[PDB]
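A.B. asks: Residue numbers (PDB author numbering), protein chains in the order written: chain Z, 1 to 171; chain C, 1 to 171; chain G, 1 to 171; chain A, 1 to 171. In this text, a Cβ means the ideal position worked out from N, Cα and C, and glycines have one as well. Sharing a structure below in C-alpha cells format, with a few things to ask.
Protein chains: 4
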Amino acid sequence: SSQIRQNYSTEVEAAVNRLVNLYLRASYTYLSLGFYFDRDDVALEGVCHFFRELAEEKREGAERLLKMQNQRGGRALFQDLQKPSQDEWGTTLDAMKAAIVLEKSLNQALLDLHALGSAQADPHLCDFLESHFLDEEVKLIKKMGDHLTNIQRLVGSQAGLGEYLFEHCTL
Amino acid sequence: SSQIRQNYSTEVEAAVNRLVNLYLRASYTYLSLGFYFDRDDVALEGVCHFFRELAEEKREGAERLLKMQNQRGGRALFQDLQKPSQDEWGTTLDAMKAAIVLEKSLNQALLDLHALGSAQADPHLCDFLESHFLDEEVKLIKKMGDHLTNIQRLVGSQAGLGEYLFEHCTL
Amino acid sequence: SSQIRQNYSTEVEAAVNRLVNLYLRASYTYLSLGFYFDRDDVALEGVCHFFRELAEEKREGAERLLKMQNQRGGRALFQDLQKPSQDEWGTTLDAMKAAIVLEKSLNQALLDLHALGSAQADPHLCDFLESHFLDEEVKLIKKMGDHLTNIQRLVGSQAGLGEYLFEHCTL
Amino acid sequence: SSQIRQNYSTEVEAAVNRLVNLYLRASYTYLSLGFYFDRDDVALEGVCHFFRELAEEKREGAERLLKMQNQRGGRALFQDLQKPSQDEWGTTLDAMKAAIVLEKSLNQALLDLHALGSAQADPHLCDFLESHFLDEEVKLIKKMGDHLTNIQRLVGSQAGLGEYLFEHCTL
Ligand SMILES: [Au+]
Ligand SMILES: [Au+]
Ligand SMILES: [Au+]
Ligand SMILES: [Au+]
Ligand SMILES: [Au+]
Ligand SMILES: [Au+]
Ligand SMILES: [Au+]
Ligand SMILES: [Au+]
Ligand SMILES: [Au+]
Ligand SMILES: [Au+]
Ligand SMILES: [Au+]
Ligand SMILES: [Au+]
Ligand SMILES: [Au+]
Ligand SMILES: [Au+]
Ligand SMILES: [Au+]
Ligand SMILES: [Au+]
Ligand SMILES: [Au+]
Ligand SMILES: [Au+]
Ligand SMILES: [Au+]
Ligand SMILES: [Au+]
Ligand SMILES: [Au+]
Ligand SMILES: [Au+]
Ligand SMILES: [Au+]
Ligand SMILES: [Au+]
Ligand SMILES: [Au+]
Ligand SMILES: [Au+]
Ligand SMILES: [Au+]
Ligand SMILES: [Au+]
Ligand SMILES: [Cl-]
Ligand SMILES: [Cl-]
Ligand SMILES: [Cl-]
Ligand SMILES: [Cl-]
Ligand SMILES: [Cl-]
Ligand SMILES: [Cl-]
Ligand SMILES: [Cl-]
Ligand SMILES: [Cl-]
Numbered sequence: 001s002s003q004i005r006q007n008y009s010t011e012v013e014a015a016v017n018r019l020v021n022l023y024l025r026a027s028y029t030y031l032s033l034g035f036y037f038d039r040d041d042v043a044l045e046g047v048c049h050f051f052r053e054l055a056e057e058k059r060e061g062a063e064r065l066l067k068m069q070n071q072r073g074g075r076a077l078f079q080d081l082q083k084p085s086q087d088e089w090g091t092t093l094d095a096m097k098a099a100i101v102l103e104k105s106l107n108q109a110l111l112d113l114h115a116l117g118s119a120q121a122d123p124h125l126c127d128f129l130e131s132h133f134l135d136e137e138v139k140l141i142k143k144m145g146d147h148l149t150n151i152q153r154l155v156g157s158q159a160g161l162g163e164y165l166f167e168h169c170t171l
Numbered sequence: 001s002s003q004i005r006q007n008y009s010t011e012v013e014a015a016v017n018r019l020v021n022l023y024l025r026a027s028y029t030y031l032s033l034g035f036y037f038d039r040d041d042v043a044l045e046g047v048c049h050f051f052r053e054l055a056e057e058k059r060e061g062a063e064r065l066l067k068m069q070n071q072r073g074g075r076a077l078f079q080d081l082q083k084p085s086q087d088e089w090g091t092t093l094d095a096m097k098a099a100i101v102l103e104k105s106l107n108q109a110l111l112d113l114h115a116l117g118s119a120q121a122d123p124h125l126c127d128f129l130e131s132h133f134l135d136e137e138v139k140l141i142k143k144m145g146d147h148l149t150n151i152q153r154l155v156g157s158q159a160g161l162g163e164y165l166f167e168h169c170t171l
Numbered sequence: 001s002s003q004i005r006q007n008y009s010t011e012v013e014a015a016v017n018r019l020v021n022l023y024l025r026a027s028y029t030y031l032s033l034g035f036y037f038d039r040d041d042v043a044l045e046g047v048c049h050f051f052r053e054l055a056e057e058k059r060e061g062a063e064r065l066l067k068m069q070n071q072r073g074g075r076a077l078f079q080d081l082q083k084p085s086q087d088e089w090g091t092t093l094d095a096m097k098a099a100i101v102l103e104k105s106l107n108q109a110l111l112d113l114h115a116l117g118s119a120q121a122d123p124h125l126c127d128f129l130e131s132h133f134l135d136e137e138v139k140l141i142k143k144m145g146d147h148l149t150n151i152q153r154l155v156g157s158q159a160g161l162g163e164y165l166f167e168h169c170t171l
Numbered sequence: 001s002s003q004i005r006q007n008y009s010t011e012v013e014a015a016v017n018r019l020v021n022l023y024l025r026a027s028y029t030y031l032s033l034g035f036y037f038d039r040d041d042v043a044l045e046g047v048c049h050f051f052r053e054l055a056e057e058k059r060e061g062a063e064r065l066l067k068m069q070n071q072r073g074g075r076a077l078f079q080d081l082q083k084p085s086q087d088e089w090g091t092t093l094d095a096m097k098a099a100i101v102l103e104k105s106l107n108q109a110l111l112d113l114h115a116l117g118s119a120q121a122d123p124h125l126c127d128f129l130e131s132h133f134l135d136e137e138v139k140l141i142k143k144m145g146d147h148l149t150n151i152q153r154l155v156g157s158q159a160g161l162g163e164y165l166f167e168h169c170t171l
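In C-alpha cells form, the structure reads like this:
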C-alpha cells in the first residue's frame with residue numbers, strides 16, 4: 001500500500017522496473033568486460049578500469065531508478081539478470097563496439113520511457129530522466145565514439161599512429 | 001505596462017497568481033499547525049519546528065513564483081488569504097495526515113499549471129516548475145508518508161514501538 | 001590461454017565461478033531487502049541502510065574472487081543471476097532471519113570450497129579464503145544473531161523493551 | 001644446541017636451508033639480468049631497475065627464511081651459490097620468460113615445502129609461508145605474465161602497438 005502515490009501510472013511503474021533490469025544487466029555486462037581485460041593473456045588494465053567504472057555507473061543508475069520508484073509510491077519488482085551475451089570480448093575495438101551497442105540500447109529505453117511518461121502526462125518522470133539520464137548518456141556515447149575513432153586510427157596504420165601521437169604527446 | 005513580455009499568456013499569468021495564493025495559504029496553515037504543537041497542553045516542540053520550517057518553505061515558494069511573474073512581465077495580483085481549515089489540529093497523526101492532504105493539493109496545482117503551460121506552449125514555465133517545484137514536492141510527500149508510517153507504528157503497538165527503536169536506536 | 005597457471009585445478013576454477021554467482025546473488029537479495037525497507041509504507045531507513053551496505057560487501061566479495069581467478073590464470077564464467085526469493089520481506093525480524101539463512105549458505109559454500117582446495121592441495125586458495133572470507137563471515141553472522149536477539153526482545157514485551165533501553169540508553 | 005626447538009622436524013629444517021639457497025640463487029640471477037640491461041649496447045634502464053628490485057625482494061625472502069630458521073631453533077647451513085644459467089639474456093621477451101620460469105620454480109619449491117610441513121604437522125611453518133610467500137609469489141607471477149603479454153603485443157605488430165598505446169596513453 002502507498003499513501004503518497006499521485007499521477008503515477010501502472011504503465012510507468014512497470015516500465016521503470018524493466019529499466020532497472022536493463023541497467024543492472026548492463027552493469028553485469030561491464031563487469032564481464034572489465035575482468036576479461038584483466039586476464040593475463042589480455043592484460044590491458046586501463047581497459048579493465050574503464051569498464052569497471054562503467055559497471056559502477058550503471059549500477060548507480062539502477063539504484064537511482066529504484067529510489068525514484070519508492071519516492072513516487074511504486075513498487076520495485078526484480079527479475080532474473082541474464083548473463084552477458086559473450087564470455088570473451090575479443091579486441092579493444094570489438095569491446096568498444098559492443099559497449100556503444102549497449103549504450104545505444106539504454107538510450108533508446110530512456111527515450112521510450114520519456115514517450116510513455118509524455119503519453120501519461122507525468123512531468124516528474126520527464127524531469128527525472130533529464131536530471132540524471134539523458135545528457136549523461138549522450139556524453140558517454142560521444143566519449144565512446146571518440147574512443148572508437150582513436151582505436152581504429154591506432155590499430156589501422158602508421159600515418160594513423162603518427163597523427164595520434166602528435167595530438168596526444170605534442171599537443 | 002511591460003516591454004519584456006514574450007510568449008506569456010494571460011491564462012498562465014492568472015494561474016500563477018492563483019498558485020501564489022495557494023502557497024501563501026499553505027504557509028498560513030503550517031503557521032497554525034506549528035503554534036498548536038507549541039501549546040503547553042500539547043508541547044511537542046519537535047513537531048512545532050517541523051511545521052515552522054514548512055511554513056517558511058511554502059512562503060519561499062510563493063516568493064519564487066512572484067519573482068518569476070515579474071521576470072516574464074506578468075502582474076502580481078493578491079487575494080484574501082483564507083484562514084486555515086481548523087483552529088486545533090488533534091494528534092500528531094491527525095496533523096501529519098492534514099499536511100499530506102495539503103501537499104497533495106499543491107502538487108495537483110503544480111501538475112495543473114504544467115498542463116496549462118504545455119497547452120500554451122510555454123517551455124520557460126515548464127522549466128521553472130521542474131527546477132524549483134516538482135521534485136521538491138515529491139521529496140516532501142515521500143518524507144511525510146514515511147513519517148505517517150512511523151507515527152502509525154509507534155502509536156499502534158509494542159511490537160511497532162520495538163521495531164522502531166531497533167531501527168532508530170540500534171541502527 | 002594462460003602462461004601463469006600453476007597448481008590451479010579445473011575443479012577449483014569451476015567452484016570459484018559458482019561462488020562468484022552465489023555472492024552476486026546475495027548482493028541482489030540485499031538490494032531487494034534494502035529497497036523494501038525504503039517503501040513509504042515500511043519506512044525503516046536504518047534497516048534500508050543496513051542491507052544496502054551488505055549488498056555492497058557481497059559485490060566486493062564477488063569482485064575479490066574474480067580478481068583471484070585471474071591472478072591464478074583461471075577464467076571467469078558468468079551465469080544468470082536468479083532474482084531474489086521474495087518480492088516483499090515482511091517484518092524486520094523476518095528480514096533478519098532471511099539474512100542469516102543467506103549468510104549461513106555463503107559460509108557453507110566457503111567451507112565447501114576449503115574442502116575442495118584441501119583435497120586438491122591448493123594452499124594459495126585456502127590462504128585466500130582465510131584472508132578475506134572465513135572470519136568476515138563469522139563476524140557478520142555473530143552481528144546478525146545479536147540483531148535477531150535484540151529484535152525478538154524489543155518486539156516481544158515491555159520487560160524486553162525495558163532491558164534493551166537500560167543497555168542502550170543508560171549503558 | 002637449542003633450548004627452544006618444538007615441533008620442528010629435521011626434514012623441514014633441511015628443506016628451509018635448501019629454500020634459502022634457491023632464493024639467494026634467484027637473487028643472483030636477477031642481479032645478472034639487471035646489469036645485462038644496463039650494458040651500453042642494450043640500454044633499457046627500466047628493465048635494469050625491474051630486475052634490480054626483484055634481486056632485492058629475493059634476498060629479503062632468503063633473510064626472512066633465515067630469521068624463521070633461528071626463531072624455530074633450527075640451524076642455518078649455507079651452500080655454494082651456483083652462478084646464473086646465462087651470461088647474456090637476449091631480448092626483453094627472452095628475459096621476462098626466463099624470469100617467469102625462475103618464479104615458477106620458486107613457487108613449486110614453496111608448494112613442496114607446504115606439502116612437507118603438512119606431512120610433519122607443522123602449522124607454524126604453513127602460517128609463515130602464507131604470511132610472507134604464497135600470495136606474494138602469485139601476485140608477482142601475474143604481473144610477469146601481464147608483462148609477457150604486453151611485450152609480445154608490442155614487439156609483434158602495428159595493431160598490437162596501437163592497442164597498447166590506446167590503453168597506456170589514452171586510458
Ligand atoms: Au576490471
Ligand atoms: Au581494472
Ligand atoms: Au518525457
Ligand atoms: Au512528461
Ligand atoms: Au601521447
Ligand atoms: Au607524450
Ligand atoms: Au607520450
Ligand atoms: Au512552531
Ligand atoms: Au518550534
Ligand atoms: Au509543462
Ligand atoms: Au511546456
Ligand atoms: Au532511537
Ligand atoms: Au538511541
Ligand atoms: Au535512543
Ligand atoms: Au536501501
Ligand atoms: Au538506506
Ligand atoms: Au582450505
Ligand atoms: Au589447502
Ligand atoms: Au538507547
Ligand atoms: Au538514550
Ligand atoms: Au535513548
Ligand atoms: Au640493474
Ligand atoms: Au637499473
Ligand atoms: Au602447509
Ligand atoms: Au601445516
Ligand atoms: Au602510454
Ligand atoms: Au601517453
Ligand atoms: Au604516452
Ligand atoms: Cl571490472
Ligand atoms: Cl508530460
Ligand atoms: Cl510555527
Ligand atoms: Cl511546452
Ligand atoms: Cl538498498
Ligand atoms: Cl592444502
Ligand atoms: Cl641490477
Ligand atoms: Cl599442519
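Pull up the distance between the alpha-carbon of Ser118/C and that of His147/C, whole angstroms please.
C.D. replies: The straight-line gap from Cα to Cα measures roughly 34 Å.
A.B. asks: Residues in the same chain with beta-carbon distance under 8 Å from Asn150/G, minus the five sequence neighbours each way, listed in chain order, please.
C.D. replies: Once the five neighbours on either side are set aside, the close Cβ partners of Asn150/G are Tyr164.
A.B. asks: Going along chain A in order, which residues have a C-beta closer than 9 Å to the C-beta of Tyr164/Z?
C.D. replies: Near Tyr164/Z (Cβ distances below 9 Å), the residues of chain A are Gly162, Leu165, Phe166, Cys169, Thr170.
A.B. asks: Look up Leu77/Z in the DSSP assignment and say whether it is helix, strand or coil.
C.D. replies: DSSP places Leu77/Z in coil when its eight states are reduced to three.
A.B. asks: Return yes when the C-beta of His168/Z is under 8 Å from any heavy atom of ligand 5, and no when it is not.
C.D. replies: For ligand 5, at least one heavy atom lies less than 8 Å from the Cβ of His168/Z.
A.B. asks: Under the rule that 16 or more other beta-carbon atoms within 10 Å means buried, what is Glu60/C, buried or exposed?
C.D. replies: With fewer than 16 other Cβ atoms within 10 Å, it is exposed.
A.B. asks: From which residue to which residue does the alpha helix (DSSP H) around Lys83/C run?
C.D. replies: Per DSSP, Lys83/C belongs to no alpha helix (DSSP H) and is neither H nor E.
A.B. asks: For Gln82/G, which residues of its own chain have a beta-carbon under 7 Å away from its beta-carbon, when the five flanking residues on both sides are left out?
C.D. replies: Once the five neighbours on either side are set aside, the close Cβ partners of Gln82/G are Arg25.
A.B. asks: State yes or no: is the C-beta of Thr92/Z within less than 9 Å of the C-beta of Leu44/Z?
C.D. replies: Yes. Within cutoff.
A.B. asks: Based on Cα-Cα distance, which residue from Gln3/Z, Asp80/Z, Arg5/Z lies nearest to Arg18/Z?
C.D. replies: It is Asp80/Z whose Cα lies nearest to the Cα of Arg18/Z.
A.B. asks: With 16 as the cutoff for other CB atoms within 10 Å, does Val155/Z come out buried or exposed?
C.D. replies: When all chains shown are included, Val155/Z counts as buried.
A.B. asks: Can you pull the chain G residues whose beta carbon is under 8 Å from the beta carbon of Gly145/C, in chain order?
C.D. replies: Per Cβ cutoff of 8 Å: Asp40, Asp41, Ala43.
A.B. asks: Assuming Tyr28/A is part of the alpha helix (DSSP H), what are its boundary residues?
C.D. replies: Note, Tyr28/A: alpha helix (DSSP H), 10-37.
A.B. asks: Going by alpha carbons, who is nearest to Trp89/G out of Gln158/G, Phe37/G, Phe166/G?
C.D. replies: With distances taken between Cα atoms, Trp89/G lies closest to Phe37/G.
A.B. asks: Can you tell me whether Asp41/Z sits near ligand 1, meaning its C-beta is under 8 Å from at least one heavy atom of the ligand?
C.D. replies: Answer for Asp41/Z: no, Cβ out of range of ligand 1.
A.B. asks: Do the stretch 45-59 of chain G and the stretch 28-36 of chain G make contact, defined as three or more Cβ pairs closer than 8 Å?
C.D. replies: In short, these stretches touch, since the Cβ pair count reaches three.
A.B. asks: Please report the straight-line C-alpha distance between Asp40/G and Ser2/G, rounded to a whole angstrom.
C.D. replies: Approximately 52 Å, taken between the alpha carbons.
A.B. asks: Is the separation between the beta-carbon of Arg72/G and that of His124/G shorter than 9 Å?
C.D. replies: A contact, by the Cβ cut-off of 9 Å.
A.B. asks: With 9 Å as the C-beta to C-beta threshold (strictly closer), list the residues of the stretch 93-123 of chain A near chain Z in chain order.
C.D. replies: Answer set for the stretch 93-123 of chain A: empty.
A.B. asks: With DSSP as the reference, label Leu171/G as helix, strand or coil.
C.D. replies: The answer is coil: DSSP assigns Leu171/G none of H, G, I, E or B.
A.B. asks: Give me the residue from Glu63/Z, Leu110/Z, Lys58/Z, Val138/Z with the minimum Cα distance to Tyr28/Z.
C.D. replies: Answer by Cα proximity: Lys58/Z.
A.B. asks: Checking contacts by CB at 9 Å: is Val138/A closer than that to chain G?
C.D. replies: Judged by the 9 Å Cβ criterion, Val138/A is in contact with chain G.
A.B. asks: With DSSP as the reference, label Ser1/C as helix, strand or coil.
C.D. replies: Coil.
A.B. asks: Going by C-alpha distance, which of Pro84/Z, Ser157/Z, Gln108/Z is nearest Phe133/Z?
C.D. replies: When only C-alpha atoms are compared, the closest one is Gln108/Z.
A.B. asks: Which word fits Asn70/G, buried or exposed, when buried means at least 16 other C-beta atoms lie within 10 angstroms of its C-beta?
C.D. replies: Buried: at least 16 other Cβ atoms inside 10 Å.
A.B. asks: Confirm the yes/no value for this check: CB of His132/C, any heavy atom of ligand 30, distance under 8 Å.
C.D. replies: No, since every heavy atom of ligand 30 falls outside the 8 Å radius drawn around the Cβ of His132/C.
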